[PDB]
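Structure first, then comments.
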Amino acid sequence: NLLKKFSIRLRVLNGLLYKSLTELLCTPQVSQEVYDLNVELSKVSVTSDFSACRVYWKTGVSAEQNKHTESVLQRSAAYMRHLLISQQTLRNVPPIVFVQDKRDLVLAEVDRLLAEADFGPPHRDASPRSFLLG
Amino acid sequence: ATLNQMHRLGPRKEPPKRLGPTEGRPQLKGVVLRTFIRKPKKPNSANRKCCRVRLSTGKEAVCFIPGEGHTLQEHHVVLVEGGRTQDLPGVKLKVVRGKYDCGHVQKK
Amino acid sequence: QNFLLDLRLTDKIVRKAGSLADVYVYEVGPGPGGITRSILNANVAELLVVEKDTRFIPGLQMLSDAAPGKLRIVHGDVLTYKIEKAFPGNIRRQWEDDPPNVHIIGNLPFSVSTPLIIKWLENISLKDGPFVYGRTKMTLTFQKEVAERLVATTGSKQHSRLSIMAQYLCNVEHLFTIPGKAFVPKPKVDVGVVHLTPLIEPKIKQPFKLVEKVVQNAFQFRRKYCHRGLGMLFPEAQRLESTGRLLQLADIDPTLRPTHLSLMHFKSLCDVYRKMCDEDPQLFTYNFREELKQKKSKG
Amino acid sequence: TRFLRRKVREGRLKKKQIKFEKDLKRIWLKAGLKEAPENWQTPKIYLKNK
RNA sequence: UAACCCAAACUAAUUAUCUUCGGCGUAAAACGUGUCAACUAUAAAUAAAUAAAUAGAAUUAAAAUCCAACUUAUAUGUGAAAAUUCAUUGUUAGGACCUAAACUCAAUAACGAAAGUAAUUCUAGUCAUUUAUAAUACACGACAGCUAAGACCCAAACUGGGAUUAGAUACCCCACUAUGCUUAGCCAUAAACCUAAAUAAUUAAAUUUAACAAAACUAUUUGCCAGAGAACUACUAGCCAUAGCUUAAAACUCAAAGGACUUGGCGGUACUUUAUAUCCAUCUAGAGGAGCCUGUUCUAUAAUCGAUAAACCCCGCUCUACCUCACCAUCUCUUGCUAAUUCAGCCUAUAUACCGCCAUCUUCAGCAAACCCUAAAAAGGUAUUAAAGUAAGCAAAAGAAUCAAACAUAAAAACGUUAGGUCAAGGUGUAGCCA
Ligand SMILES: [K+]
Ligand SMILES: [K+]
Ligand SMILES: [Mg+2]
Ligand SMILES: [Mg+2]
Ligand SMILES: [Mg+2]
Ligand SMILES: [Mg+2]
Ligand SMILES: [Mg+2]
Ligand SMILES: [Mg+2]
Ligand SMILES: [Mg+2]
Ligand SMILES: [Mg+2]
Ligand SMILES: [Mg+2]
Ligand SMILES: [Mg+2]
Ligand SMILES: [Mg+2]
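Chains a, J, c and 3 are the protein sequences, given in the same order. Per the entry's author numbering, the first sequence runs over residues 45 to 50, 92 to 207, 292 to 303. According to the entry's author numbering, the second sequence is numbered sequentially starting from 31. According to the entry's author numbering, the third sequence is numbered sequentially starting from 35. According to the entry's author numbering, the fourth sequence is numbered sequentially starting from 151.
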């Protein structure tokens, strides 16, 4: 038994899913590893069909740090979906997929360059009938 | 059911066979009242020739007229028989060709 | 919303509405224009349609070209657009005269149909708005069971505020119910077609807001002894005495349930309630869901 | 049409009472009594007694 | 027309002849729960001592609520706002209240006939009939609902205010009510389902005895079922119920209704990787404006035809002054190309009858015959430290071409998709014209 057993609306779902997943990742509720990653969430984008849910997490500088964060986050995404249905945030939640967002690195970059910038001064076949004949 | 339950109930109750359009009679005689067309249920598409008749029993029924072309008119006499018209819903009677005013299809 | 794309049924709807020849018809929410086409082909003298969605205006304008001088299109809300002078004043008739040559027909969403009829029911009491022409008839679509309540009789499980408010101002007849399968998007409930004709003499002759309050307070608890609901009209300090006086004067057994209150029963209640409101004007403004909020030491 | 149902219910129960009363009159009349037993009054069992 | 069947009959209509040892998880059917009778079967002389059954009384830890002190200028609320709010807010090892509900334990599986029952304490309390088998009797029966008097912390149908939209009586926010609580009466309904009637067996009958659930099967007793809709309906009867509850048809109409499985699809496959002169970005020169050249459409002419979204538009044409020519006007010929032919000829209609030669997805990666295996197969057939798959084709690859070598370019690219294009390259089916 056990082995066999085992527009406006999208705005509301996208914002609330972001509002809730940020809370799940601020505590060890999902896992102690997920808590230590100190992951930040750029935004959540739910598809029109609701087949999947995109979670954009602010990527970092180190590829190794990002590769580890991706693996840990993905493994817990299935469990994270359980926590939102169990706390009654949303009755139905799509499979949560974790996507990278490297804009945060770009956002810091612009300010550094901009400050240094020089602005300048201001039927018949099937039947046996054929066969039986000969 | 247990043998005690079969004993208390005996043989299964058999409701009597329901009578049909002719009321358990080979044929009936009726007087034509109107001649009209009935449309067969889709997918069938035709203009089937029928007539309303007052049977000897006193009721009024719709009877399909078989054959290619009939000369029936109001006040004519016909001998109806059983047999349902499958495409025509409610038409459970048919006219007998060659009896009383109704005549055999005119082979031409 | 739910649209009707079957031209056969729109023609059937116009056929159920009766002869529209030479009649000034006001159509609400024409949308694709399936009903508009049927009305235009019914020898209508003049047809005015109000569509709030601009996407459907080009389709209506194209239909207007197909019927030169027979279709008028306004990009507005039916709930706000005023038709008092849309049609010539010579077709206006007295309230006691036969219904004028004005008939309002239309298939609207159920979000819009309920507020539109409530506003028009007040207009019938006021004899203004679309009813300046007289006792104009309205053939409007509603949810199947909302229409049942608009026609439900005393004691009916569907008997509610819709029954008393609609019936006391109009003769309400449920023409037929349209299956939902043909509507896009598909509704999970059928659509009932209701015909409403204003009455020459209203069953109750009191301000519309007064009747609405009395009807609402009576039917707040449908399964309770009406004396329960009527009590909420009066402040608690005078509720017991006033409720006893109201029922004593209206000649209604305090144990009769709201559903068993006929139209004549409410008339007696409204007539007695009208006198009480004249004795105390502050009574008319009392709200039980706000006095109790402000009773807990509002300061 | 609930109003009619209550109307039909109150008229159906009245006929149900008359049938009950008549059935009681048949019994004593057949037995040979010319008046119902002394101190007997047919109980009204279908009216709003409860 | 032929054949077939029966035959002094033959064919239609009507009626009759065939009658329960079968079932009740998912298809008709165990129908809320227990107890007492009479039969029919059965045969043993026990039980209980159990953690949250049940009723009563008392009790209270956390969190609220209220009053008071101090106190920010805000508080509240959403994805974002609005409404609401400053008589608010935060803090209080301050006071009052004892309303309502019982965290962790509980990853436990106890109690009770079922419904149901888990804060603590105390009181009362579950227990022996051999067993199965009961209604027209008795006693119970979640939630919701009614009646009367209370309670009211919070929640809350509904109602009102605020948002939303092409508009939602929706979903969301705030306020508040019936109600959820208590004490007395009533209502008797749940997918009241472990969808499993209750008992005593057995694990072998070389028994998946459909399939999915929960291995199968035997005996006993009762209840229930007999194609579907009509129908949790009509009527009858009982009932503190009065739209209800329980009981429950017929006419009618049809050849299905229904159950479990397996597949294929498209839906919104919008999701993650992906394209590579590409979807956006980057780069270069253009087109879009003017003048002409050329195709097409339109207008239009007595005056071709075909192509005509991607995959037509310098297209059939690597080519129209006559010819070409198939078009139009006007005049002329009638065995009128050939050895023969009541024949020659026909750019006459259908590319939706085709051959032929192609466009397209496309330099896409599939198409897969014959065998073998399966507690039967509607289909499937992989594991490499290998578990039922195998040995051959077609395309790809390879090979060859661009005259060393590579790379690149050409060529190649199956089966299907578009009844895609072409009867006017030619041939041809069918139909049509012959002074
Ligand atoms: K509102
Ligand atoms: K071809
Ligand atoms: Mg069943
Ligand atoms: Mg308490
Ligand atoms: Mg004790
Ligand atoms: Mg309350
Ligand atoms: Mg009956
Ligand atoms: Mg063509
Ligand atoms: Mg030429
Ligand atoms: Mg020439
Ligand atoms: Mg020619
Ligand atoms: Mg080579
Ligand atoms: Mg190759």
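Cβ coordinates follow ideal geometry from the N, Cα and C atoms, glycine included.
- Annotation: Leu233 (chain c) to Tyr196 (chain 3) spans about 41 Å, alpha carbon to alpha carbon.
- The alpha-carbon of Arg291 (chain c) is positioned some 19 Å away from that of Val158 (chain 3).
- In the three-state DSSP reduction, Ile238 (chain c) falls in the coil class, being neither helix nor strand.
- Relative to the Cα of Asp224 (chain c), the nearest Cα in the group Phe144 (chain c), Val48 (chain c), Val57 (chain c) belongs to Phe144 (chain c).
- In this structure, the straight-line span from the alpha carbon of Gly93 (chain c) to that of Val83 (chain c) is close to 12 Å.
- For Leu154 (chain 3), the uninterrupted alpha helix (DSSP H) run begins and ends at 152-181, by DSSP.
- The beta carbons of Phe94 (chain J) and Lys72 (chain J) sit no closer together than 7 Å.
- By the neighbour-count criterion, in which 16 or more other beta carbons inside 10 Å mark a residue as buried, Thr192 (chain 3) falls on the exposed side.
- Counting every other CB atom within 10 Å of its CB across the protein chains shown gives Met172 (chain c) a total of 16 or more, marking it as buried.
- Distances from the alpha-carbon of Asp134 (chain a) to those of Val191 (chain a), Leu95 (chain a), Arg197 (chain a), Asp189 (chain a) put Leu95 (chain a) closest.
- DSSP places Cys111 (chain a) in no alpha helix (DSSP H); its state is neither H nor E.
- For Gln191 (chain 3), the three-state secondary structure derived from DSSP is coil.
- The shortest C-alpha to C-alpha distance from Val131 (chain a) to any of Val97 (chain a), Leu198 (chain a), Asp186 (chain a) is the one to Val97 (chain a).
- When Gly99 (chain J), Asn74 (chain J), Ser75 (chain J) are compared, the shortest CA-CA separation from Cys81 (chain J) is found for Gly99 (chain J).
- One finds nothing in chain c with a Cβ atom closer than 9 Å to the Cβ of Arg162 (chain 3); even the nearest lies about 16 Å away.
- Taking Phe242 (chain c) as reference, the option from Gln35 (chain c), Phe176 (chain c), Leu203 (chain c) with the minimal CA-CA separation is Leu203 (chain c).
- Around the Cβ of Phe210 (chain c), a 10 Å sphere holds fewer than 16 other Cβ atoms; the residue is exposed.
- Taking 7 Å as the cut-off, the beta carbon of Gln254 (chain c) is found closer than this to the beta carbon of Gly263 (chain c).
- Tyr130 (chain J) counts as exposed, since fewer than 16 other C-beta atoms from the protein chains shown sit within 10 angstroms of its C-beta.
- In the DSSP assignment, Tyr141 (chain a) falls within the unbroken beta strand (DSSP E) covering 138-143.
- In terms of CA proximity to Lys239 (chain c), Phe300 (chain c) leads the group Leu38 (chain c), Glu275 (chain c), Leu295 (chain c), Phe300 (chain c).
- Between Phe170 (chain 3) and chain c, the shortest Cβ-Cβ separation is not below 7 Å.
- Only exposed fits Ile67 (chain J), as fewer than 16 other CB atoms lie within 10 angstroms of its CB.
- Partner residues in the beta bridge of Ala91 (chain J), as assigned by DSSP, are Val83 (chain J).
- When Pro149 (chain c), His137 (chain c), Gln192 (chain c), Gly189 (chain c) are compared, the shortest CA-CA separation from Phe165 (chain c) is found for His137 (chain c).
- Taking a 10 Å sphere around the C-beta of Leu110 (chain a), we find 16 or more other C-beta atoms and assign the residue as buried.
- Contact fails between the stretch 244-254 of chain c and the stretch 273-280 of chain c, because fewer than three Cβ pairs, one in each stretch, are under 8 Å apart.
- Within the model, the alpha-carbon separation for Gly40 (chain J) versus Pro46 (chain J) is close to 17 Å.
- For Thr289 (chain c), the closest Cβ of chain 3 is not nearer than 7 Å.
- Scanning chain 3 for C-beta atoms nearer than 9 Å to the C-beta of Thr188 (chain c) yields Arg152, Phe153, reported in chain order.
- For the pair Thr154 (chain a) and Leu122 (chain a), the Cα-to-Cα distance works out to about 7 Å.
- Under the 7 Å criterion on CB atoms, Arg156 (chain 3) is classed as interfacial with respect to chain c.
- DSSP, reduced to helix, strand and coil, places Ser276 (chain c) within a helical segment of the structure shown.
- Beta-bridge pairing by DSSP links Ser130 (chain a) to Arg139 (chain a).
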